[PDB]
Every structure is written in C-alpha cells, then in structure tokens.
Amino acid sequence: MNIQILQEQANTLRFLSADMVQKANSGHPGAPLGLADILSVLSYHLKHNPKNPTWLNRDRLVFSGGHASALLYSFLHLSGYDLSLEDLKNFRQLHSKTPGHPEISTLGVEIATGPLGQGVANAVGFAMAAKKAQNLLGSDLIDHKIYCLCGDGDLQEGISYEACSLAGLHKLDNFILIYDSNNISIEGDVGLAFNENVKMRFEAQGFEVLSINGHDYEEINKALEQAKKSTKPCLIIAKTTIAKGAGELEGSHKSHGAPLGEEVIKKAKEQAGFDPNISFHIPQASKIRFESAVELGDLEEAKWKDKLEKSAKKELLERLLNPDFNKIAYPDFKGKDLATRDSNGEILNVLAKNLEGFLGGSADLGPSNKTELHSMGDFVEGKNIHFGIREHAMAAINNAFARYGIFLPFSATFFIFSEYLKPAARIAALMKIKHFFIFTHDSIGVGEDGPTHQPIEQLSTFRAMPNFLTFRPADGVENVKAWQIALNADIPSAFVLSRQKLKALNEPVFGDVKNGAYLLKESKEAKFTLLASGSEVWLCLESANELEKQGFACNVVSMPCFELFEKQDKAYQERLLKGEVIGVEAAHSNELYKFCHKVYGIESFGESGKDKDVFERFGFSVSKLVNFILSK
C-alpha cells in the first residue's frame, strides 16, 4: 500500500462509477467520487472471499446510501466477485445484475439498501448478530468487523439514532461506521436542515469518534487501524468533497443524482492521467492489486476452516445451517379456548427450544405480546432481545440477523405499531428473507386504550405488500399450522394475533390452513357463505347456525391467510364460495371483495371502551350480522 497505487485504485473506482452512470444516463455519481479514496484504503483492511460470499466469518460491508451502488458494483467487479464488466455496462437496465439500488440477488451484496437510514440499522444488526454468533461458536470462530458507509440522509433519519443507541448499549466493538460528511443534501447545503454536534451525539451513545480528511490516504488508513482496536462502536467522520475529481462539479449538490456529463468526465480523466477517450478502463497495476483479494480471501477462509475443524462447535454449526423444521412437536391446542397471543407465545417457546438459531424480541412490549422465551436468558448470553421502544430499528436489525447466516429472528409489537416498522418489513419482503413478525392486539378488541391503539387499516397494508404471508389465526391449531407453513415458505410472514380470548374451532370439513381459506361448515345448495378470519370466525359460525335455524343453508369459511387463498385453483375456490358470499372482519378490508359479494367490516376509527361494548358498537353480534345478511 502506497500513495501512487492508491491514487490509481481510487481513480479506477471513480471512472468506472462515472462511466456506468453516464452510459445509463441515470444514477448517482457524486458520492462514488467522494467515497473512492476511502474505499480504496478500506480494500486493504476488508477480510472477504470474493469466490465465497457466504463465508461466515467474513467482514460485512454495508452501503447504507444504496444510491452509491455504482461504487459498490465497481468494487465487487474489481475484487473478483461474480459481476462482470458487461454487467457494469448494464447498470440500471431492466433485468441486469446492476440495479439502481443494491439487491441481494447480486452476489456480494450483503443486504438490500436504498431507503435512507435502513443500512445503518442493518449494520448494527450484523454487529449484534456477530456478537451472538461469537457467544454460540466462540471468539476463535467469530471475530470479524462490520463496516458501514453512510451519509447525511442516513444520520438524519430516526432509525439511525435508534440503532446506534443499541450499538452503544451492547458495546459493539466490531462496528465501524464511516460517515461521508460532504456538506450537501438534495436541497443544498446540509446546514439548511442540520447542525448537530455529531461527535457529541455519538459519544452520548457510547461511540468512539474519529474525524479525518476523507481524501488523505494516510489519515484514512490511520483511522481504520485505530477504529479496529476500539473498545466501543466507532464512528469515523470523513470530510469529503462530493464529486471529488470532477472539476466544476466538485462540491455541487447537482452531482448527487444526475450524470456528470461527457465533457466533465473527459476533463476529470485528463486531470487524473487517464485517457479521456476510453470508458470502462481498468489500468494494470490497479487490476492486479484489486484482484489479489481472490488469493488473499481464499487463504483467509482456508485458515478459518482449519479453526472450525479443530473446534468443538462443528455439529452445532451444522445444526444452525440445516435446521430441521419437520421434527418439531408443537403444542396441541385442539379444543382449547385462548387468545392467539397466548397460543403464539407457547409456539415461540417450542421453536426456541428446538432451534438453536431461533431468537428475537419485542419493542418493549414483551409482557403484552407474550414473547418471553422462558428461562432462555437475555442477549447476548441468551435468546431474548430487549429492543426498547424502537420498532423500526428492531425490524431493520432483525433483517440483518436473517441475513447473517445462522439465525431465525422474530420482531414483535402491537399490530398498530407495525406502521412504525413497515419500511423495514418491506425490505424483508423485497429480499424474501426468513424473518417473522409478531403483531398482537389486532383489533378494536383492544378496548379501552381506544382508537390510537386499535388497528383498522393494517391488515390491508400487509396483504397488499408483495412477498409476505399475513396469518390471522382463529385458534391455536390454526396458529400452529401457520407456523409450519411460515418455516417452509420462501418469504417472510406476519402473525396477527388477538389480545382477547377466542373460541377453539372444530376440525376442517374440506381444505386446511395450507390453502389459505378452508371450509368449517358445508351445506348442500348453500345460499350464503360467511368468510372470516381470526376473532370473527366464531361470530360467523354462530350466525350460520342461526341462519340454518331460520331455513337458510350456509357455508362457513375460515381464511387465516388471504395471500395463500389467492394461489388456490378455481375448483378449490368455487367449492368454498357458494351463493352470496359475505366477508366478516374487524378491519377496513376492502380487499375481501376479491372473494366476497358483501363485506361486513369497520370503515371508521375505533372507540375507547370495554371490548364487548366496542364490538357491539361496531356491529359484531349475531343479531346484527344476520340482519345484514338477510338485507333487513
């Protein structure tokens, strides 16, 4: 490592990034140019195997500003990952390996980023996950760093403060956060909207804080060496010039999110000693130096595999990598009336007992969400994570637990506060990771806490979000079947659970929870079908019994999962959905009109009152539902 080679390496990264953006006529060149010197130096510190991006003890690199994707892709290509020069030439084009923000389908990308702040919380999560991995497997086997590059947008977002709060509490001395302090945001100078003492902020949260010139190779290297020895999470505040190297665009907010322009790039190449009339150029010295990551990484992983072979942890690691979901004996809730928060809590305990990598927690609502994993201890030594009142960071942290390699995480809160974590849930869905969301207190059945605490629209949100299963079990048996599906599924799942006691169901007549909806009651020449989920199924059973006593044949359908029902074939749906179909849910769920002629829901916000009073107010009684079905 020396100034001449580092300058060539940094400029190679700058011009690959600039050329990529220019060819796409789209993207973000300013930050890549501002960060290129830092990444060049960081390449000498990062421990990774480009030919095995799943090596468990690799350093984890996170670009929280996913807009700087061109720089990440340049680095992955140069380092020997499975990303070609042609792929770089396809930046931002339909179906390419180089989308505008990074996606985990591109090998080498640790986690999908883009929405600001997320990546900082994800990096904290990788650092917590690594501490838990060290607890399970030993410091001989888990000893790596977590490097996160972030910008002003990330640090203004509330989620960054939440996650960094937890990083200081948990003494995450494996976490190195590099802040690109370039004085610019979209609306112009950062001072228009931000003037915090950033050093003091992070020291208040238990970080060590270093401040450098992000274009001085010696200062970057010295900061990284110091950060690696820190006994605290470490922040490097790196002062940079946005679009560094790009002449008239240096320092310009306009360089953030639009191509630099052909003439600017020609001039920049000229000033750097590069031929201005060629694009996507990789000079020899830089080519060889960056690609030596291949040989170095193979040797690092080989040494690590030798430690694993000597360890007493081999069988444990194999169990963590190969969980057996089939063996699990779940509780038998047949015939047992219970609130589904309580059946679910018992299931969480069975899962934690059977699966060494299953863990999670609540955003300060454990006693209400019923998520305590009894006698399994507190993080880091145990399994129960105390996220605090930090729903959003909790979900982003657990997205990283799910990506780490050995964990099956769950995030818990009240269903109304799913809205605080929805942007991170969406990243789980985008990536199709195995991360389970536990949402209790699902309806106006909450009662006295009132309309701020009574979900209405959240079921619609989760059902509309792609790549999610939204389970709303009517009893414990459905709750178990939902978990069996969720563990085998290729996408994340939410569990929407009651505060209040529900009535145990009788056994399925036709179909089961695996079909999303199934028959609880089937009548020849049914005139009506009552379709419900969760707490409304019993109302429909009772109403169907009354309708039958009045001379109307009825089907009753339980629909624990709308998304699974949508996948069933027409023959199956047609067997269930007979006559006039009435959907019944304590929610404003207009999506039910996909399957129902009429929907009996809630169109307003709720009310503060006793649960039974609130349900009556909103029409959830046999007499009212039967009157509605009989249109009079």
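The first residue of the sequence shown is number 1, and the count goes up from there.
Trainee: Is the mean CA B factor in the deposited entry higher across 78-86 or across 260-268?
Mentor: Averaging CA B-factors over each stretch, the winner is 260-268.
Trainee: Tell me which of 472-480 and 251-259 has the higher mean C-alpha B-factor in the deposited entry.
Mentor: Between 472-480 and 251-259, it is 251-259.
Trainee: Going by the CA temperature factor in the entry, name the top one among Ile582, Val62, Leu35, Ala70.
Mentor: Across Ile582, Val62, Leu35, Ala70, the entry lists the biggest C-alpha B-factor for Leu35.
Trainee: Quiz for you: based on the deposited Cα B-factor, which of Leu421, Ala400, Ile427, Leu531 is highest?
Mentor: Across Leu421, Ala400, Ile427, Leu531, the entry lists the biggest C-alpha B-factor for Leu531.
Trainee: By the record's CA B-factor, is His281 among the lowest, middle or highest third of residues in the chain?
Mentor: It belongs to the highest third of the chain when residues are ordered by C-alpha B-factor.
Trainee: Hey, what third does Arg617 fall into on Cα B-factor, ranked over its chain?
Mentor: For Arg617, the deposited C-alpha B-factor lands in the lowest third.
Trainee: Would you mind ranking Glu448 by its C-alpha B-factor against the rest of the chain and naming the third, lowest, middle or highest?
Mentor: Within its chain, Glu448 is a lowest-third residue by C-alpha B-factor, going by the deposited values.
Trainee: Within this chain's modelled residues, let me know which third the CA B factor of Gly66 belongs to: lowest, middle or highest.
Mentor: It belongs to the highest third of the chain when residues are ordered by C-alpha B-factor.
Trainee: Classify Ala504 as lowest, middle or highest third according to the C-alpha B-factor given in the PDB entry, relative to its own chain.
Mentor: For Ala504, the deposited C-alpha B-factor lands in the highest third.
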